[PDB]
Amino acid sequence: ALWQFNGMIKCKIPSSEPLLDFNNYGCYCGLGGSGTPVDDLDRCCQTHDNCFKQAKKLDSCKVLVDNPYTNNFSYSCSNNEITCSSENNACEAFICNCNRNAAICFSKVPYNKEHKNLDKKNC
């Protein structure tokens, strides 16, 4: 889920509005994504995109049929750390981990403004 991904990123980077700051960055952060990641933050998004793609192939996800986009989940944020809930079923848990991994990834890499709003055709 997106709206949950948004909260997860804010947990690690509280000075940020994720849907504004990490959208449309490089070749992978945002809609679609193809080509070579332009920097480490773009690589975080590529990994994320790959993780959701993988989620769709998961039987536990198919056998409920709702998507990486619809499969909700629960997580908690305690002084800048995210915990995916043990109550999450296998599908919700996979998606929560994809999101958690990307949030941690975003907080550990440089943000290069020259890559914001890249012409995705040089991707």
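Numbering starts at 1 and runs along the sequence shown.
On average the C-alpha atoms of 5 to 13 have higher B-factors than those of the other stretch, with 5 to 13 and 98 to 106 being the two compared.
For the segment pair 74 to 82 and 25 to 33, the entry gives 74 to 82 the higher mean B-factor, averaged over Cα atoms. Considering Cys51, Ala93, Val38, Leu58 together, the PDB entry gives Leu58 the largest C-alpha B factor. The deposited CA B-factor of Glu87 belongs to the middle third of values across its chain.
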